[PDB]
file work.cif (mmCIF, C-alpha atoms and all ligand atoms)
data_data
#
loop_
_atom_site.group_PDB
_atom_site.id
_atom_site.type_symbol
_atom_site.label_atom_id
_atom_site.label_comp_id
_atom_site.auth_asym_id
_atom_site.auth_seq_id
_atom_site.Cartn_x
_atom_site.Cartn_y
_atom_site.Cartn_z
ATOM 1 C CA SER A 7 -15.657 17.757 5.364
ATOM 2 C CA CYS A 8 -14.532 14.270 4.108
ATOM 3 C CA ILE A 9 -16.077 10.962 5.280
ATOM 4 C CA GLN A 10 -13.674 8.089 6.007
ATOM 5 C CA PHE A 11 -13.908 4.331 5.342
ATOM 6 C CA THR A 12 -12.418 2.734 8.518
ATOM 7 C CA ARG A 13 -11.341 -0.567 6.886
ATOM 8 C CA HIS A 14 -9.886 0.970 3.669
ATOM 9 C CA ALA A 15 -6.171 0.989 4.712
ATOM 10 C CA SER A 16 -6.382 -2.646 5.974
ATOM 11 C CA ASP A 17 -8.159 -3.707 2.696
ATOM 12 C CA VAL A 18 -5.425 -1.975 0.602
ATOM 13 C CA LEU A 19 -2.698 -3.772 2.588
ATOM 14 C CA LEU A 20 -4.487 -7.158 2.233
ATOM 15 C CA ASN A 21 -4.550 -6.700 -1.580
ATOM 16 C CA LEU A 22 -0.866 -5.622 -1.624
ATOM 17 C CA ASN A 23 -0.086 -8.879 0.208
ATOM 18 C CA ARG A 24 -2.184 -10.864 -2.359
ATOM 19 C CA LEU A 25 -0.138 -9.206 -5.181
ATOM 20 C CA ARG A 26 3.071 -10.250 -3.349
ATOM 21 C CA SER A 27 1.848 -13.911 -2.950
ATOM 22 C CA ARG A 28 0.981 -14.061 -6.705
ATOM 23 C CA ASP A 29 4.284 -12.258 -7.599
ATOM 24 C CA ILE A 30 2.322 -9.530 -9.451
ATOM 25 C CA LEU A 31 4.146 -6.209 -10.156
ATOM 26 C CA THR A 32 6.984 -7.051 -7.721
ATOM 27 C CA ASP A 33 9.970 -4.974 -8.875
ATOM 28 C CA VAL A 34 12.804 -6.025 -6.561
ATOM 29 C CA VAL A 35 14.503 -9.123 -5.130
ATOM 30 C CA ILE A 36 16.010 -8.732 -1.631
ATOM 31 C CA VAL A 37 18.910 -11.154 -1.179
ATOM 32 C CA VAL A 38 19.648 -12.234 2.406
ATOM 33 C CA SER A 39 22.558 -14.734 2.329
ATOM 34 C CA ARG A 40 21.279 -17.812 0.330
ATOM 35 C CA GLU A 41 17.630 -16.649 0.327
ATOM 36 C CA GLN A 42 15.677 -14.361 -2.056
ATOM 37 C CA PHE A 43 12.531 -12.372 -1.302
ATOM 38 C CA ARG A 44 10.473 -10.645 -3.991
ATOM 39 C CA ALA A 45 8.668 -7.454 -2.955
ATOM 40 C CA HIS A 46 7.272 -4.112 -4.104
ATOM 41 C CA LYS A 47 9.751 -1.215 -3.638
ATOM 42 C CA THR A 48 6.881 1.163 -2.646
ATOM 43 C CA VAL A 49 5.806 -1.105 0.268
ATOM 44 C CA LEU A 50 9.442 -1.617 1.442
ATOM 45 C CA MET A 51 9.972 2.191 1.474
ATOM 46 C CA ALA A 52 6.666 2.783 3.273
ATOM 47 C CA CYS A 53 7.723 0.396 6.092
ATOM 48 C CA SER A 54 11.463 0.791 6.452
ATOM 49 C CA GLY A 55 13.808 3.748 6.942
ATOM 50 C CA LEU A 56 16.594 1.710 5.282
ATOM 51 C CA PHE A 57 14.589 0.935 2.089
ATOM 52 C CA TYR A 58 13.204 4.495 2.054
ATOM 53 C CA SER A 59 16.850 5.757 1.922
ATOM 54 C CA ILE A 60 17.908 3.073 -0.652
ATOM 55 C CA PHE A 61 15.047 3.574 -3.116
ATOM 56 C CA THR A 62 15.152 7.459 -3.006
ATOM 57 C CA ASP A 63 18.803 7.221 -4.095
ATOM 58 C CA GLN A 64 19.072 8.301 -7.772
ATOM 59 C CA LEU A 65 21.180 5.110 -8.641
ATOM 60 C CA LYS A 66 19.830 2.448 -6.224
ATOM 61 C CA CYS A 67 16.176 3.324 -7.140
ATOM 62 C CA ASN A 68 16.737 1.488 -10.498
ATOM 63 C CA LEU A 69 18.248 -1.743 -9.099
ATOM 64 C CA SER A 70 16.258 -4.988 -9.477
ATOM 65 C CA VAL A 71 18.431 -6.777 -6.837
ATOM 66 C CA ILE A 72 19.394 -5.489 -3.332
ATOM 67 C CA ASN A 73 21.871 -7.462 -1.215
ATOM 68 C CA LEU A 74 21.565 -7.065 2.544
ATOM 69 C CA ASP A 75 24.463 -7.178 5.060
ATOM 70 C CA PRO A 76 25.659 -10.837 5.522
ATOM 71 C CA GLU A 77 24.940 -10.581 9.286
ATOM 72 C CA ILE A 78 21.184 -10.326 8.517
ATOM 73 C CA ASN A 79 19.258 -13.478 9.321
ATOM 74 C CA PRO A 80 16.888 -14.692 6.485
ATOM 75 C CA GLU A 81 14.155 -15.853 8.926
ATOM 76 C CA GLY A 82 14.290 -12.497 10.757
ATOM 77 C CA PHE A 83 13.936 -10.750 7.378
ATOM 78 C CA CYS A 84 11.067 -13.067 6.347
ATOM 79 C CA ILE A 85 9.149 -12.313 9.616
ATOM 80 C CA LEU A 86 9.633 -8.540 9.047
ATOM 81 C CA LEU A 87 8.648 -8.712 5.369
ATOM 82 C CA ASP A 88 5.431 -10.560 6.410
ATOM 83 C CA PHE A 89 4.850 -7.821 9.047
ATOM 84 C CA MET A 90 5.247 -5.087 6.390
ATOM 85 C CA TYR A 91 2.502 -6.656 4.272
ATOM 86 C CA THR A 92 0.114 -7.738 7.077
ATOM 87 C CA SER A 93 0.648 -5.631 10.310
ATOM 88 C CA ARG A 94 1.210 -9.029 12.055
ATOM 89 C CA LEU A 95 4.512 -9.841 13.744
ATOM 90 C CA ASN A 96 5.378 -13.490 14.447
ATOM 91 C CA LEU A 97 7.498 -12.692 17.557
ATOM 92 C CA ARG A 98 8.758 -15.814 19.404
ATOM 93 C CA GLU A 99 11.378 -16.591 22.099
ATOM 94 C CA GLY A 100 13.447 -18.412 19.454
ATOM 95 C CA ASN A 101 13.421 -15.580 16.942
ATOM 96 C CA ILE A 102 13.187 -12.318 19.007
ATOM 97 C CA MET A 103 16.946 -11.463 18.960
ATOM 98 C CA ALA A 104 17.141 -11.960 15.141
ATOM 99 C CA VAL A 105 13.870 -9.977 14.620
ATOM 100 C CA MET A 106 15.127 -7.065 16.777
ATOM 101 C CA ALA A 107 18.574 -6.952 15.048
ATOM 102 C CA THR A 108 16.875 -7.079 11.609
ATOM 103 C CA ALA A 109 14.354 -4.343 12.613
ATOM 104 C CA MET A 110 17.244 -2.104 13.847
ATOM 105 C CA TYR A 111 19.066 -2.602 10.509
ATOM 106 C CA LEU A 112 15.859 -2.007 8.502
ATOM 107 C CA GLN A 113 15.040 1.036 10.724
ATOM 108 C CA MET A 114 11.565 -0.207 11.759
ATOM 109 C CA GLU A 115 11.285 1.722 15.055
ATOM 110 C CA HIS A 116 7.884 0.317 16.221
ATOM 111 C CA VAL A 117 9.119 -3.308 15.854
ATOM 112 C CA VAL A 118 12.382 -2.370 17.671
ATOM 113 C CA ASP A 119 10.247 -0.873 20.528
ATOM 114 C CA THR A 120 8.241 -3.854 21.172
ATOM 115 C CA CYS A 121 11.162 -6.291 20.865
ATOM 116 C CA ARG A 122 12.909 -4.151 23.568
ATOM 117 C CA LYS A 123 9.803 -4.325 25.847
ATOM 118 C CA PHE A 124 9.391 -8.118 25.361
ATOM 119 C CA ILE A 125 13.117 -8.679 26.180
ATOM 120 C CA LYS A 126 12.955 -6.383 29.282
ATOM 121 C CA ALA A 127 9.951 -8.418 30.625
ATOM 122 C CA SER A 128 11.929 -11.742 30.370
ATOM 123 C CA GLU A 129 15.026 -10.448 32.306
ATOM 124 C CA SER B 7 0.415 -16.368 17.921
ATOM 125 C CA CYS B 8 1.301 -13.064 16.103
ATOM 126 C CA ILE B 9 1.031 -9.590 17.705
ATOM 127 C CA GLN B 10 -0.442 -6.802 15.557
ATOM 128 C CA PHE B 11 0.465 -3.105 15.194
ATOM 129 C CA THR B 12 -2.950 -1.333 14.958
ATOM 130 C CA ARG B 13 -1.710 1.757 13.051
ATOM 131 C CA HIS B 14 0.563 -0.120 10.574
ATOM 132 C CA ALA B 15 -1.884 -0.254 7.593
ATOM 133 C CA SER B 16 -2.755 3.479 7.983
ATOM 134 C CA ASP B 17 1.014 4.359 8.219
ATOM 135 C CA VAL B 18 1.736 2.312 5.033
ATOM 136 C CA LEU B 19 -1.077 4.116 3.178
ATOM 137 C CA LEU B 20 0.151 7.554 4.391
ATOM 138 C CA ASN B 21 3.637 6.783 2.974
ATOM 139 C CA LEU B 22 2.138 5.506 -0.321
ATOM 140 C CA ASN B 23 0.329 8.857 -0.579
ATOM 141 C CA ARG B 24 3.626 10.733 0.155
ATOM 142 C CA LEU B 25 5.294 8.736 -2.696
ATOM 143 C CA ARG B 26 2.388 9.752 -4.991
ATOM 144 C CA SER B 27 2.714 13.495 -4.020
ATOM 145 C CA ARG B 28 6.503 13.378 -4.728
ATOM 146 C CA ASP B 29 5.895 11.330 -7.952
ATOM 147 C CA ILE B 30 8.227 8.568 -6.665
ATOM 148 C CA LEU B 31 7.959 5.106 -8.336
ATOM 149 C CA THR B 32 4.638 5.991 -10.035
ATOM 150 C CA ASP B 33 4.382 3.665 -13.049
ATOM 151 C CA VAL B 34 1.185 4.749 -14.809
ATOM 152 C CA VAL B 35 -0.636 7.859 -16.053
ATOM 153 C CA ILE B 36 -4.462 7.679 -16.011
ATOM 154 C CA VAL B 37 -5.907 9.969 -18.685
ATOM 155 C CA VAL B 38 -9.421 11.302 -18.028
ATOM 156 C CA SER B 39 -10.383 13.624 -20.927
ATOM 157 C CA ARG B 40 -7.875 16.590 -20.807
ATOM 158 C CA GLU B 41 -6.470 15.631 -17.375
ATOM 159 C CA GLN B 42 -3.632 13.263 -16.345
ATOM 160 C CA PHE B 43 -3.166 11.518 -13.003
ATOM 161 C CA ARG B 44 0.024 9.688 -12.045
ATOM 162 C CA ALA B 45 -0.373 6.697 -9.717
ATOM 163 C CA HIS B 46 1.056 3.353 -8.618
ATOM 164 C CA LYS B 47 -0.523 0.374 -10.459
ATOM 165 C CA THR B 48 -0.408 -1.753 -7.243
ATOM 166 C CA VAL B 49 -2.516 0.805 -5.294
ATOM 167 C CA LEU B 50 -5.022 1.214 -8.195
ATOM 168 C CA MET B 51 -5.472 -2.601 -8.349
ATOM 169 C CA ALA B 52 -5.821 -2.860 -4.564
ATOM 170 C CA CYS B 53 -8.692 -0.307 -4.611
ATOM 171 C CA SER B 54 -10.545 -0.874 -7.855
ATOM 172 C CA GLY B 55 -12.095 -3.904 -9.558
ATOM 173 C CA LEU B 56 -11.586 -2.167 -12.933
ATOM 174 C CA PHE B 57 -7.819 -1.552 -12.431
ATOM 175 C CA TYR B 58 -7.425 -5.022 -10.882
ATOM 176 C CA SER B 59 -8.838 -6.488 -14.162
ATOM 177 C CA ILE B 60 -6.763 -4.089 -16.374
ATOM 178 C CA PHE B 61 -3.389 -4.637 -14.694
ATOM 179 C CA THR B 62 -3.743 -8.499 -14.422
ATOM 180 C CA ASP B 63 -4.201 -8.552 -18.211
ATOM 181 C CA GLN B 64 -1.006 -9.948 -19.826
ATOM 182 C CA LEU B 65 -0.884 -6.961 -22.363
ATOM 183 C CA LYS B 66 -2.407 -4.037 -20.393
ATOM 184 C CA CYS B 67 -0.149 -4.785 -17.342
ATOM 185 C CA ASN B 68 2.796 -3.269 -19.340
ATOM 186 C CA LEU B 69 1.086 -0.020 -20.436
ATOM 187 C CA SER B 70 2.408 3.286 -19.037
ATOM 188 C CA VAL B 71 -0.781 5.168 -20.126
ATOM 189 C CA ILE B 72 -4.442 4.126 -19.509
ATOM 190 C CA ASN B 73 -7.265 6.130 -21.099
ATOM 191 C CA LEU B 74 -10.600 6.065 -19.295
ATOM 192 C CA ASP B 75 -14.057 6.230 -20.956
ATOM 193 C CA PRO B 76 -14.760 9.844 -22.171
ATOM 194 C CA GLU B 77 -17.927 9.942 -20.000
ATOM 195 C CA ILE B 78 -15.729 9.829 -16.850
ATOM 196 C CA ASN B 79 -15.519 13.137 -15.033
ATOM 197 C CA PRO B 80 -11.908 14.238 -14.093
ATOM 198 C CA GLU B 81 -12.979 15.745 -10.722
ATOM 199 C CA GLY B 82 -14.891 12.552 -9.840
ATOM 200 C CA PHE B 83 -11.755 10.551 -10.711
ATOM 201 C CA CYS B 84 -9.533 12.927 -8.690
ATOM 202 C CA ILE B 85 -11.792 12.554 -5.577
ATOM 203 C CA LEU B 86 -11.673 8.726 -5.931
ATOM 204 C CA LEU B 87 -7.906 8.644 -6.503
ATOM 205 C CA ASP B 88 -7.464 10.745 -3.304
ATOM 206 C CA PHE B 89 -9.791 8.271 -1.499
ATOM 207 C CA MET B 90 -7.671 5.308 -2.687
ATOM 208 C CA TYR B 91 -4.547 6.842 -1.148
ATOM 209 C CA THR B 92 -6.094 8.283 2.057
ATOM 210 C CA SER B 93 -9.378 6.427 3.027
ATOM 211 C CA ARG B 94 -11.014 9.922 2.922
ATOM 212 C CA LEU B 95 -13.840 10.691 0.505
ATOM 213 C CA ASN B 96 -14.631 14.334 -0.312
ATOM 214 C CA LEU B 97 -18.369 13.683 -0.950
ATOM 215 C CA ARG B 98 -20.393 16.875 -1.630
ATOM 216 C CA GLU B 99 -23.867 17.729 -3.021
ATOM 217 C CA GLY B 100 -22.180 19.208 -6.113
ATOM 218 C CA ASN B 101 -20.027 16.183 -6.850
ATOM 219 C CA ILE B 102 -21.999 13.121 -5.545
ATOM 220 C CA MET B 103 -23.513 12.061 -8.929
ATOM 221 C CA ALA B 104 -20.072 12.227 -10.663
ATOM 222 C CA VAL B 105 -18.391 10.389 -7.714
ATOM 223 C CA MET B 106 -21.026 7.603 -7.764
ATOM 224 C CA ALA B 107 -20.836 7.158 -11.592
ATOM 225 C CA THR B 108 -17.003 7.090 -11.413
ATOM 226 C CA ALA B 109 -17.057 4.590 -8.482
ATOM 227 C CA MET B 110 -19.469 2.307 -10.448
ATOM 228 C CA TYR B 111 -17.121 2.424 -13.480
ATOM 229 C CA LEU B 112 -14.031 1.841 -11.294
ATOM 230 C CA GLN B 113 -15.899 -0.958 -9.410
ATOM 231 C CA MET B 114 -15.383 0.555 -5.927
ATOM 232 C CA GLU B 115 -18.389 -1.074 -4.203
ATOM 233 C CA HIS B 116 -18.012 0.606 -0.748
ATOM 234 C CA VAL B 117 -17.975 4.116 -2.325
ATOM 235 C CA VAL B 118 -20.998 3.156 -4.510
ATOM 236 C CA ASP B 119 -22.833 2.020 -1.300
ATOM 237 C CA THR B 120 -22.455 5.150 0.541
ATOM 238 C CA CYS B 121 -23.214 7.390 -2.454
ATOM 239 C CA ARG B 122 -26.503 5.391 -2.801
ATOM 240 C CA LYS B 123 -27.330 5.923 0.928
ATOM 241 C CA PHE B 124 -26.512 9.680 0.795
ATOM 242 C CA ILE B 125 -28.727 10.103 -2.333
ATOM 243 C CA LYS B 126 -31.623 8.085 -0.764
ATOM 244 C CA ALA B 127 -31.534 10.386 2.346
ATOM 245 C CA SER B 128 -31.914 13.564 0.160
ATOM 246 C CA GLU B 129 -34.997 12.269 -1.796
ATOM 247 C CA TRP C 1 -18.026 5.056 7.023
ATOM 248 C CA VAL C 2 -17.305 7.630 9.807
ATOM 249 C CA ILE C 3 -16.764 11.385 10.438
ATOM 250 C CA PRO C 4 -12.925 11.348 10.928
ATOM 251 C CA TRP D 1 0.542 -3.462 19.686
ATOM 252 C CA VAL D 2 -2.433 -5.831 20.345
ATOM 253 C CA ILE D 3 -3.432 -9.544 20.414
ATOM 254 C CA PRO D 4 -5.419 -9.675 17.096
HETATM 255 N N1 LIG E 201 7.533 9.804 -0.329
HETATM 256 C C1 LIG E 201 7.651 9.012 0.470
HETATM 257 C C2 LIG E 201 7.825 8.049 1.459
HETATM 258 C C3 LIG E 201 7.866 6.617 1.312
HETATM 259 N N2 LIG E 201 8.231 6.015 2.480
HETATM 260 N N3 LIG E 201 8.422 7.067 3.359
HETATM 261 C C4 LIG E 201 8.893 6.985 4.661
HETATM 262 N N4 LIG E 201 9.298 5.724 5.031
HETATM 263 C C5 LIG E 201 9.827 5.450 6.314
HETATM 264 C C6 LIG E 201 10.963 6.194 6.761
HETATM 265 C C7 LIG E 201 11.488 5.956 8.040
HETATM 266 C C8 LIG E 201 10.863 4.965 8.809
HETATM 267 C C9 LIG E 201 9.719 4.219 8.347
HETATM 268 C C10 LIG E 201 9.177 4.456 7.100
HETATM 269 C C11 LIG E 201 9.319 3.234 9.396
HETATM 270 C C12 LIG E 201 10.309 3.556 10.528
HETATM 271 O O1 LIG E 201 10.379 3.108 11.644
HETATM 272 N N5 LIG E 201 11.198 4.555 10.099
HETATM 273 C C13 LIG E 201 9.018 8.209 5.382
HETATM 274 C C14 LIG E 201 8.699 9.413 4.696
HETATM 275 CL CL1 LIG E 201 8.810 10.883 5.540
HETATM 276 N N6 LIG E 201 8.300 9.525 3.435
HETATM 277 C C15 LIG E 201 8.158 8.339 2.765
HETATM 278 N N1 LIG E 202 -3.259 -10.194 -6.200
HETATM 279 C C1 LIG E 202 -3.994 -9.346 -6.057
HETATM 280 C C2 LIG E 202 -4.916 -8.315 -5.904
HETATM 281 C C3 LIG E 202 -4.719 -6.904 -6.119
HETATM 282 N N2 LIG E 202 -5.901 -6.227 -6.040
HETATM 283 N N3 LIG E 202 -6.838 -7.211 -5.778
HETATM 284 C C4 LIG E 202 -8.213 -7.047 -5.699
HETATM 285 N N4 LIG E 202 -8.645 -5.783 -6.028
HETATM 286 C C5 LIG E 202 -10.015 -5.433 -6.026
HETATM 287 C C6 LIG E 202 -10.921 -6.198 -6.825
HETATM 288 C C7 LIG E 202 -12.288 -5.883 -6.817
HETATM 289 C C8 LIG E 202 -12.686 -4.798 -6.024
HETATM 290 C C9 LIG E 202 -11.763 -4.032 -5.224
HETATM 291 C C10 LIG E 202 -10.419 -4.343 -5.203
HETATM 292 C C11 LIG E 202 -12.508 -2.943 -4.524
HETATM 293 C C12 LIG E 202 -13.958 -3.224 -4.953
HETATM 294 O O1 LIG E 202 -14.982 -2.688 -4.611
HETATM 295 N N5 LIG E 202 -13.978 -4.301 -5.852
HETATM 296 C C13 LIG E 202 -8.989 -8.212 -5.426
HETATM 297 C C14 LIG E 202 -8.300 -9.449 -5.306
HETATM 298 CL CL1 LIG E 202 -9.197 -10.848 -4.950
HETATM 299 N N6 LIG E 202 -6.993 -9.644 -5.431
HETATM 300 C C15 LIG E 202 -6.258 -8.512 -5.666
HETATM 301 CL CL CL E 203 7.763 -0.539 12.279
HETATM 302 CL CL CL E 204 -14.313 1.136 -2.273
#
call {"tool": "encode", "arguments": {"input": "work.cif", "output": "structure tokens", "more": "lines below"}}
Ligand SMILES: N#Cc1cnn2c(Nc3ccc4c(c3)CC(=O)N4)cc(Cl)nc12
Ligand SMILES: N#Cc1cnn2c(Nc3ccc4c(c3)CC(=O)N4)cc(Cl)nc12
Ligand SMILES: [Cl-]
Ligand SMILES: [Cl-]
result
Amino acid sequence: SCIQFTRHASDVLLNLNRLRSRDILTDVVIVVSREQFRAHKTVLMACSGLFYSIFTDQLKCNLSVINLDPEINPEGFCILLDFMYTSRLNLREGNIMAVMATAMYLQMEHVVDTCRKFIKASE
Amino acid sequence: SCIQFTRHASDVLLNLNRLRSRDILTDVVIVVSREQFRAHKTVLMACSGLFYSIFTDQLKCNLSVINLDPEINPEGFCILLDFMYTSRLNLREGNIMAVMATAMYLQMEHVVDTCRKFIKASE
Amino acid sequence: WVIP
Amino acid sequence: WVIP
């Protein structure tokens, strides 16, 4: 018999992104080649099958630094990290291949789906 | 020029609630009289003006235990904590006064608004 | 607020 | 997915 506040989940996510911008309570640095990205482990797990696996591991759960595969593109990661915190995906002709490869590695199925559909439409 | 995934914010919140149920990466215990509630500081801040103030404080940000005012009702807190993690508010005739008082203390304006409207309709 |  |  609950009532539901339609905008609540979006409002929570907006405030999680504000915390990220102000670097408040971030508990991990994701290293992608020469670049570093601070984030909240809980948000990374909630968005990515890869981080969900990493941070439920009894040893990796305690790491403050996670190094991604050297084949991962920093811009592609940056676009996906912004997506995690905003629901908005900056998908462009110049970045779509890197975004799709990064989303496959991060196990972000919905992003992979759409990248596949956008590529199929251009061929 | 971003695209947006409509269900993303709801999916993030659902996974944050799963983390809470499994007690994964919870970093605070909220003590309300004889009861204890484990939560994620980032979610509490994102939902509540009171926790936002508490956890941006340079000393309180590091506390693992937060004790609420003894006038706060544990059930009222439990209902609001569930709301924070789900967008669903279990508002009932028997709990509305406690929910509204707890939402005023926690500075959860949207919950306060609706409690006020539901009370006005019954008088 | 809505009836979900 | 939508155009926001
Ligand atoms: N507890 C918990 C919890 C935290 N996060 N999380 C999940 N995170 C996840 C796992 C796989 C995938 C995605 C997110 C997006 C995607 O495409 N795949 C799942 C579950 Cl079943 N549970 C949890
Ligand atoms: N950074 C950050 C950040 C984390 N959380 N958070 C806010 N949390 C908040 C503050 C006040 C109120 C509510 C939530 C619900 C309500 O009724 N009042 C606000 C801002 Cl402006 N910023 C942040
Ligand atoms: Cl996704
Ligand atoms: Cl609220």
call {"tool": "residues_near_ligand", "arguments": {"input": "work.cif", "ligand": "ligand CL 204 (chain E)", "cutoff": "12 Å", "atoms": "all atoms listed in the file", "output": "ChimeraX atom specification"}}
result
/A:10-15,17-18 /B:50-56,86-95,105-106,108-121 /C:1
call {"tool": "resolve_selection", "arguments": {"input": "work.cif", "expression": "the PyMOL selection byres (((chain B and resi 74) around 6) and not hetatm)", "output": "ChimeraX atom specification"}}
result
/B:38,73,75
call {"tool": "atom_distance", "arguments": {"input": "work.cif", "atom1": "atom CA of residue B:23", "atom2": "atom CA of residue A:70"}}
result
22.9 Å
call {"tool": "residues_around", "arguments": {"input": "work.cif", "residues": "residue D:4", "least_positions_apart": "2", "cutoff": "8 Å", "atoms": "only C-alpha atoms", "output": "list in words"}}
result
residues 8, 9 and 10 of chain B; 2 of chain D
call {"tool": "atom_distance", "arguments": {"input": "work.cif", "atom1": "atom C15 of ligand LIG 202 (chain E)", "atom2": "atom CA of residue B:69"}}
result
18.6 Å
